[PDB]
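Q:
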Amino acid sequence: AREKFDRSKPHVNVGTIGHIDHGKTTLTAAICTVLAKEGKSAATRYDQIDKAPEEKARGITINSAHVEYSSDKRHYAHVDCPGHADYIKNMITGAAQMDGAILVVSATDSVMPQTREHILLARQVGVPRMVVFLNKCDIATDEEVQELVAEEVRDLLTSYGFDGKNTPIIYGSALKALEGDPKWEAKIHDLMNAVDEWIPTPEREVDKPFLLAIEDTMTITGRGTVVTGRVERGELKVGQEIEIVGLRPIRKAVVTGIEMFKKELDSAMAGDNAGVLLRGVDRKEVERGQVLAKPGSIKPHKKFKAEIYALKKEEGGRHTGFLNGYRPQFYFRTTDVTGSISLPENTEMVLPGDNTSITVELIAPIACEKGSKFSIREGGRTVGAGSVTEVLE
Amino acid sequence: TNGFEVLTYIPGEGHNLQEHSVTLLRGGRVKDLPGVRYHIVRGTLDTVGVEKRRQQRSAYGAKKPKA
Amino acid sequence: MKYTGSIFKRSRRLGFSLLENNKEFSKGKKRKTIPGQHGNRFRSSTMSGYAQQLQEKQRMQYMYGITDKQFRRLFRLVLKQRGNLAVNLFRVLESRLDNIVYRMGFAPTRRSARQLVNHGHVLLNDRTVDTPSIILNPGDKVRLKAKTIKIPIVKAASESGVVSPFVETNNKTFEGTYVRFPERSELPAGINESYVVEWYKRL
Amino acid sequence: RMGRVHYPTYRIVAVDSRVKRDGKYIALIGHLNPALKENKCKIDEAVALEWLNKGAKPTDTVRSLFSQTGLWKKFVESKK
Amino acid sequence: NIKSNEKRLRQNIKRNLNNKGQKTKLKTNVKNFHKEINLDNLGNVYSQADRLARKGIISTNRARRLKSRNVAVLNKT
RNA sequence: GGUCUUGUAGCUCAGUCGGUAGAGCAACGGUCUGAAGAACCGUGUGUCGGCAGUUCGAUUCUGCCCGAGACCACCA
RNA sequence: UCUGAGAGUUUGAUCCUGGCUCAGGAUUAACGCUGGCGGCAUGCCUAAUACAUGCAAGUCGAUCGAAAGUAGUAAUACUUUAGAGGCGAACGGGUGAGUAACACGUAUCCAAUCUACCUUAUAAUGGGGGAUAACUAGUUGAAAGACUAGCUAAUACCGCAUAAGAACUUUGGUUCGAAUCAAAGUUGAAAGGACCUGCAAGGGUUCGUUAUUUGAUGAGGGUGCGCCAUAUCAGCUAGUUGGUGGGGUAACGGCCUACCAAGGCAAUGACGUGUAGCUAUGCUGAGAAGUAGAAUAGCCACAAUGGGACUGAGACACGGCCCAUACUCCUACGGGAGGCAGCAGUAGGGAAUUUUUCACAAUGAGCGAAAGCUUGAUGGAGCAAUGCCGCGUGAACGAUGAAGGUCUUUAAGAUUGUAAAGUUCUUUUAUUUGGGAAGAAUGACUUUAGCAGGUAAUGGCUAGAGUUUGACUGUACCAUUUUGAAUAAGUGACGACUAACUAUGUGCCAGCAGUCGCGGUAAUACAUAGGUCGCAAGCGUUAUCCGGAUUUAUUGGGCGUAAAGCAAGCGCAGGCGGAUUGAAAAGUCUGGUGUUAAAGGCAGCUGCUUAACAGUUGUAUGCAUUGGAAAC
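Protein chains in written order, with the entry's author numbering: chain 9, 2 to 394; chain K, 71 to 137; chain C, 1 to 203; chain O, 2 to 81; chain S, 3 to 79.
1. Mapping DSSP to helix, strand and coil, what is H119 (chain C)?
2. Who are the Cβ neighbours of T257 (chain 9) in its own chain at under 6 Å, not counting the five residues just before and after it?
3. Could you tell me whether the region 283-301 of chain 9 touches the region 329-345 of chain 9, where touching means 3 or more Cβ pairs closer than 8 Å?
4. By the three-class DSSP mapping on this structure, what secondary structure does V196 (chain C) have?
5. In chain order, what residues of the same chain have a beta carbon less than 8 Å from the beta carbon of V389 (chain 9), not counting five sequence neighbours either side?
6. Terminal residues of the continuous alpha helix (DSSP H) containing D191 (chain 9)?
7. Helix, strand or coil: which one does DSSP assign to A178 (chain 9)?
8. Do the CB positions of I189 (chain 9) and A31 (chain 9) come within less than 8 Å of each other?
9. In the DSSP assignment, the beta strand (DSSP E) including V77 (chain O) goes from what residue to what residue?
10. Check the DSSP bridge columns for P301 (chain 9) and list the partner residues they point to.
11. Using DSSP with H/G/I as helix, E/B as strand and the rest coil, what is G176 (chain C)?
12. Taking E244 (chain 9) as the reference, give the member of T220 (chain 9), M219 (chain 9), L212 (chain 9) and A269 (chain 9) with the closest Cα.
13. If you draw a straight line from the alpha carbon of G39 (chain C) to that of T33 (chain C), how long is it in whole angstroms?
14. Considering just the uninterrupted stretch of the alpha helix (DSSP H) at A156 (chain C), what are its terminal residues?
15. Looking at the secondary structure, which residues open and close the alpha helix (DSSP H) in which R53 (chain S) lies?
16. Roughly how many angstroms lie between the CA atoms of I251 (chain 9) and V126 (chain 9), to the nearest whole one?
17. At the level of alpha carbons, what is the spacing between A55 (chain S) and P59 (chain O)?
18. Where are the alpha helix (DSSP H) runs, 4 residues long or more, that stay fully inside the region 51-133 of chain C, in chain order?
19. Confirm, please, whether the CB-CB distance from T177 (chain C) to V142 (chain C) is below 8 Å.
20. I need the straight-line Cα distance from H32 (chain O) to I135 (chain C), nearest angstrom please.
21. By how many angstroms is the C-alpha of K133 (chain K) removed from the C-alpha of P54 (chain 9)?
22. Considering only their Cβ atoms, is the gap separating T71 (chain K) from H109 (chain K) smaller than 8 Å?
23. According to DSSP, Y77 (chain 9) sits in a beta bridge with which residue or residues?
24. Tell me the rounded alpha-carbon separation between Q115 (chain C) and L14 (chain C).
25. Below 8 Å on the Cβ atoms is my guess for residue 1 (chain 9) versus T348 (chain 9); work out the distance and round it to an integer in Å.
26. If we count the other Cβ atoms within 10 Å of its Cβ and call it buried at 16 or more, is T169 (chain C) buried or exposed?
27. To which residues does DSSP link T226 (chain 9) through a beta bridge?
28. With 16 as the cutoff for other CB atoms within 10 Å, does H79 (chain 9) come out buried or exposed?
29. As a quick exercise: from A123 (chain 9), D51 (chain 9) and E233 (chain 9), pick the residue whose alpha carbon is nearest that of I215 (chain 9).
30. Distance, Cα to Cα, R249 (chain 9) vs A365 (chain 9)?
31. For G161 (chain C), which residues from the same chain have a beta carbon less than 8 Å from its beta carbon, with the 5 sequence-adjacent residues on both sides left out?
32. Thinking C-alpha only, which one of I342 (chain 9), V282 (chain 9) and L176 (chain 9) is nearest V255 (chain 9)?
33. Please work out which residues of its chain come closer than 6 Å, Cβ to Cβ, to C138 (chain 9), disregarding the five sequence neighbours upstream and downstream, and give them in chain order.
34. Could you give the residue range of the alpha helix (DSSP H) that holds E152 (chain 9)?
35. So, with DSSP's three-state summary, where would you put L95 (chain K)?
36. Based on Cα-Cα distance, which residue from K38 (chain 9), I170 (chain 9) and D48 (chain 9) lies nearest to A58 (chain 9)?
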C-alpha cells in the first residue's frame, strides 16, 4: 500500500502556460508553496519541478511537471507546461489535456507574441473564462503604466473571441511570495480565489467503456510500465482486461495496478489524472499517442473526413492559401500525426479564413471518434481545430 | 547476434533490406549459390510478404484477404 | 470439415458405398469419374499398388466419418490384444455407439445418430450419454428418449429401418440392448482388410 | 500422495518425522479411496503390528482407520 | 534477516563462554596429570571428563578414549 | 525524453553561396566468336523526401513533420 | 507367444561397388492463416546476470520473572508477551557452475561409528549456592549501536551425597583383533510444572526430567562390478606411497606430527588436455542397441566470490554468524546495510515462458493440557492450441442440373452441386430459469455406557450423538427449462519419388529446389484463377535424436580386378589348439530368502459419459546366496 486515498471532493486539473522568465515556473512553485502554509501540505520544492537534462540549468520544463493538492473547494492537480519552440511537441501534450488556462504576465516585460500563442492554445482546446494574473511586479517601480498594461491585456483577448472585462485580474507577484513575504502570499491567495471560479470542471462520464490517449510511459523497478494520460470518459478499476487500439494493431492486455501519481485507488472519476500499470506489454508497441480502452470501443481508422473552421488572421493564424498536395500535422491532444489533405471539388486554393470540409489521409491508423477534437498545425503554429465528420477507411 | 558473417538468399517480392537493417533468417541449402545456406523470413519483421500471391501462403508471411 | 458435408462428392472419385445403392442415384447419371474438369481419361492409366492401398484406406476412413487420429487410437486398441487383425478391427469398427444407433433402424443415417448422441438424446445403461465414440459390450441399454419420438426423421426410421441380427430389439418398443458379434461377410465385402490394416505401420 | 488433480488418491504410511512427504517411504501400507462412498481400504494386516511394536507414529486418520479395522482393540492386549 | 535467531546468537555467546570455561578445566587437569603421575590427579581428570561428557560439550567417546589411554600410560605404575 | 545528419536515375553516389541532372553499375540497338559472356560504337533513362511560407522561381533560405541512420535516460 | 515395406539418384542402356536424399516417430520448439470447447499434463534449455516492494520458519503461559493494558468496588479473573528458557529453522525450496571419481546404482563390512523423538524396563527426580537479563536510571553515537550502575526468578548454570545397571584397570571362563558372569579401586544424575484424593501433611495421575536395556531413522568410511570421448596426450606421483611412538575423528588410516626405510601406479591405457550432475527413465526399433539425461523421483553439490569457526547429536547452515573481494546504496562523511539457483514481479540476453492471483479447506511438518497461527511445502483459480485425447461448425428429403466463376472458350455444351431455397428437427457450446452436490463424512472439540489401577479423580480404549470444518463455488452435471441453424475452419500440395491437373500472365526477369532439375514465349513445378487431394483446431517449413542408412556387419559385411593384405621372415605376452582316466568348481541349469525402489513400461481390472489419464493386481531385466546336475 504505497498510498491509500479516497477523494471526498471533486478532482480538477489546473495548468500554466507562459513564456520564458515570466515567472511561470516561479508561480508554479509559489502557489503550492503558499498552499503548504495555510491549507493541506504539498511538499513542492524547487527540486520537484524539472528533471530532464539541460532543463535544470535553464529553469524551463521539457515535459509537464506534476503536483497535486487538496483545497477547501476543489481538489487540484497542477501540471506545468513548456512555453518555447523546439519543444512544442511536448507543450501541446502538456496543455491539451488540462481543464484550465492560467496566463502569467509581468510588468517587467511588455506583452509579446508568446502571450498571443498562449491565447491560441486556450482557443484550440476550447477553454473560455481564463484566469490571468499580472504576476512578478517586484521589479523597477511602475505607477500608472500597469493599469494601461492591464487594459491592453483585456482588449488583447478579443483577438481570439475571449472575454476581457470579466477576467478577475489582480495585482501580485509570486517570487516575493516564495521569498518569504506573507503580503504577496495574500496576493497569491487572491489569485487562487479568482482561479476557484471560471474554470470548467473536467469532463466526466461514468458509463463509457474506456478511452485514454497515451502521453508517456514510466518504468518502475519491479512493477513495470506506468502509463501517463487522463481517464476522461468512463472508468477503469483493477482486474478488467483492456484492449489497445490506435497507431498499432489491437492488443489485449491486463491491468494490474492503478496509480494516481504514486497513489493507490479503487476507482477514478472521468477527467482526473492518474496512472495504470500494464501486464506483459512492450514499449515498442506501447508508444506515446495510441489509445487503450475496453472491448467494444471506437474502431481504428486510417483515412477519414472532417469539417474545418480555419482560424482567421486576427485569430493568430496565417492568411495564405493551401494547395491540394497539402500535408499538415494533426494533434489528438497527444502526438504529432502527419496527414494529407484532399480539397473539395470546384475549388483550387483555400486560405485560413475560408473553409471547406477536408478529407484527411493519416500516416498510421489512429483510433478517432466522430466529432473528435483534432488540431491542424504546421510551421510551429495553429491554423485550426476541427472535428471528425465521416470515416472512409 | 553471434559473431559469424554469413550469406543469405532473398526470396519474396524483390528485396526488403535497406543497407544495415535488422532481419531474421531460416535454414535451408541451395544448389545454385555455393557459400549460402540461409533464407530470410518474409512477413514476421520489416519484410512482409503479400501482393498478388495466395498459394503457399505460409512462407512469404501475409494476412488472409477479407471479402 | 469434421462432417464432410457432401458424401456424393467422395463417392464420385473413390467409388465409396455408404448405403444400399450409391453408385447410381438416378440423379441425372452421376459420373463415377472425378468431379470437375478431368473426368475424361484418368481412369486406369497410372495405377500403382500404393495408390490402391491409399484410396482403399480413404474409403475405409469415410464409411463412418472417422478422422485419422481416432482411427490410429482404435488401431492401438486393436493391437492391445492378439488374434487376427481383421476381425478385431471390424469389431471395434461397428462397436462405435452411433453405428449401433444407426443399425437399429432408429436413425436412417449414421450422421443423424451421431448428432442425436452428441446432443444428449441417447441413453446408455439407464443414463444419458453424449459421446458418439463409445466402445460397447453385452448388456448395454439404449432408449429413444420419448421426448424425441415426434421427430419426422426417427418416425420414418422406425417405420422402415434396417434390420440387423447381431443386435436385436423390438422396433415398436424403442428399447434396445447389444446382443452378439457380427460376421465378416455381413459387412460390405468390397472393402479389402489387408490394404487398410497394413498401410498403418505408424503406431 | 501422487493422485490426480480434482481426484487424488492417498497411500498411507507411518513415515518418520524428518522424512519428506510423498518421497521415499520406509514401506507401503495399503491405500484408501477418500473421494467416493465405499470405505474401501485394502490393507495387508501382516506387518503393521510388527512396526507398531517396533516403533510407528500414527497420523490423524490412522486413529479412525485402525479403529474401524479393530487394530487398536488388539493393540492394548499386545502391549500387555 | 529473521527475528527468530538473534536470541539464539545471544544464548550461544554465553554457552560458548561456559564451554570454554569447562574445557580449560580439562586442559589444566590433563596438564597436571602429564606433569605429575599419580592416582588422585588422574581421578580428578576422570571426574571432570565424565561431568563434561554428560553435558553436550564433548562427545563421551572422546572422554572414554582419553581416559583409556591415560590409564594405559598409568599402568607403568 | 529532446538532441545531429540524411532523403537526388532501377542501384550507389553527385552537389552555385536563389539561374547545374555530373560519374560509375543497370536498361536499349547492335559488331562478333557457332551462340553466351566480355569489349567497342550509338544515345536516351531524375517533379533532386512531402508540404507552407521568406523571396524574383527558392530542389539548395526557413518551419512543422514523415521516416530512418549514431550519440547520450547523469543525483535514492 | 514377439517377430521388419522401400523409392529416387552417373552412364547411350545395363550388371556392380558405393554417396546422398524422401515417405515416419518424439519435443522445453519460433514463424502465417488462424482461432470452439472440455478434462489431464507441460511451460527459463539461453545470462550460477544483478535484482524495488510483501510474503517464503516459526512457535509454547500448565516454563520463569516482569511490564503494558481490559474489566472487578482498591485486592484481581483475563489479552499482548517487550525478554530469558523448550524444539525446529540440519528437513522441506530451488538450480546444475564445478566435479571423470567410490560422484551414481547395486552385492556387500565395520571384528572401528552414530543417533532426540517413538517402544520394551530399573533408579532418581533430594538438599544448597551464585550471578544473570528484560526493567530503571545514565553516557556515547546522526541513525544504526556500544556500553555504565540497581532489580527478580527461570526447565538457564555450578557444587553436595545419592551410584545396582553405566564409564576404566585385577583374576576364571569364550570367537577369527572379538563374546560373556565375578572380586575390588577410581568415577560420572538432574527440573520441575500441572491435575486431583487429602486436616495440610501423607498420597497418587499426567507432561516431563536424568544412566543403563532391542528398535528405527539418517550420516559416514574399503569395498566387487558397471560407469563420456581422446596416446596428433608416454611416463606420472614425494606426506606420496612403507616402519614405528603420540594425538584425531562417533572410528581404521599420512588425517597430522616426530624419528627411520624409497616406494606406488601405469601398454591388460596412469598422468592430461576437454565435455557433463550420475540413476530410474523420454524417444527411435526385431533385438543386440542408439539417443536425450524434459519435468517427476533416489543420491551428490554450492547459496554473488572465497575462506574461518561456533550453539545443537547431527550444517560448514538457500532468508545463522567473523572477515577479504566486486557491485548497489545510507551517512551529520567517523562509519554501516545487502544477497530472489523460496513464489510471483522487474532489468538485460535470447525467437522463446506463466499471475507482484487466492486458502490452510484435504495431506506433511513446528510447537502444546488446545482452540491457534506458521505453513509462495501443498491445495486451487487465471493466463499459454506448447504437447496429447475427445466432442461442434448440422440431420432426412429434394436437380436431367438455380445463377456466377472456370474449361471446350459452337454458349442448341462439362463442371461447381443437392451446394442452396423450402419443411420441421435438437441445441454440444451460445441463451437463459432452478438446484446446487463434490473432494470433507475425512477432521478435531463437547456430552451419554463399560474396560485398563488405585478408585477418590484427572487420566488411556472405545461405540453413539452433536453444533460447528469449503478457496475452488452458480463447477463439471441435470431439470423437454427461455430463445435461436443458430453464437464459431483452415491448411499444404497436385511432373516423378508422393493418392492430387486444366487455362491465363511470365519469358534463362520472376522465381522456385529434399533429387532428376523446371524458365532460349504454347511452363500440368514461377504467379494467379478453377478443380483436386493429404491432414485438421490444428495445419505445412525450419532447429533438432533415431529409423529406414545390414552406412560400423558379433547377432547381420568385406579385403584378386570397385576402398582394402603391411614387401616379407625370426618371431614374447595374448587369443586358440590331438584323445583318455579321476577330483572338479569359473562359466552352463535347476532354490528361496535381500533386493532389483515406487512411479515408468506389459497384461487384467476399477472411475470420471468410453477414451486421455489416475489407481489397483501381478508381471521382469543383475548380483549374493546355500544344495546339487557333469558333456563343453
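Where is the CB? At the ideal position from N, CA and C, for every residue including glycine.
A: Short version:
1. helix
2. Sequence-distant Cβ neighbours of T257 (chain 9) in its own chain, meaning closer than 6 Å and more than five residues away, are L278 and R280.
3. By the criterion of at least three beta-carbon pairs nearer than 8 Å, the region 283-301 of chain 9 is in contact with the region 329-345 of chain 9.
4. The three-state reading of DSSP puts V196 (chain C) in helix, counting H, G and I together.
5. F305, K306, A307, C369, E370, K371, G372, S373 and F375
6. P183 to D197
7. helix
8. When the beta-carbon positions are compared, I189 (chain 9) and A31 (chain 9) come within less than 8 Å of each other.
9. Taken as a continuous stretch (DSSP letters only), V77 (chain O) belongs to no beta strand (DSSP E), being part of the alpha helix (DSSP H) at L72 to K80.
10. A368 (chain 9)
11. strand
12. The residue among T220 (chain 9), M219 (chain 9), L212 (chain 9) and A269 (chain 9) with its C-alpha nearest the C-alpha of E244 (chain 9) is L212 (chain 9).
13. 5 Å
14. For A156 (chain C), the enclosing alpha helix (DSSP H) stretches over residues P152 to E159.
15. Judged by DSSP secondary structure, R53 (chain S) falls within the alpha helix (DSSP H) whose first and last residues are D42 to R56.
16. 28 Å
17. 35 Å
18. 68-79, 85-94, 97-103 and 110-119
19. yes
20. 30 Å
21. 44 Å
22. Taking C-beta atoms as the reference points, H109 (chain K) and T71 (chain K) fail to come closer than 8 Å.
23. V13 (chain 9) and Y70 (chain 9)
24. 25 Å
25. Chain 9 is shown from 2 up to 394; residue 1 (chain 9) falls before or after that span and cannot be answered.
26. buried
27. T220 (chain 9)
28. buried
29. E233 (chain 9)
30. 8 Å
31. Only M104, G105, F106, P108 and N171 meet the Cβ criterion.
32. Ranking the options by Cα distance to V255 (chain 9), first place goes to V282 (chain 9).
33. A108 and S174
34. Taken as a continuous stretch (DSSP letters only), the alpha helix (DSSP H) holding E152 (chain 9) covers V146 to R155.
35. strand
36. The shortest C-alpha separation from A58 (chain 9) is found at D48 (chain 9).
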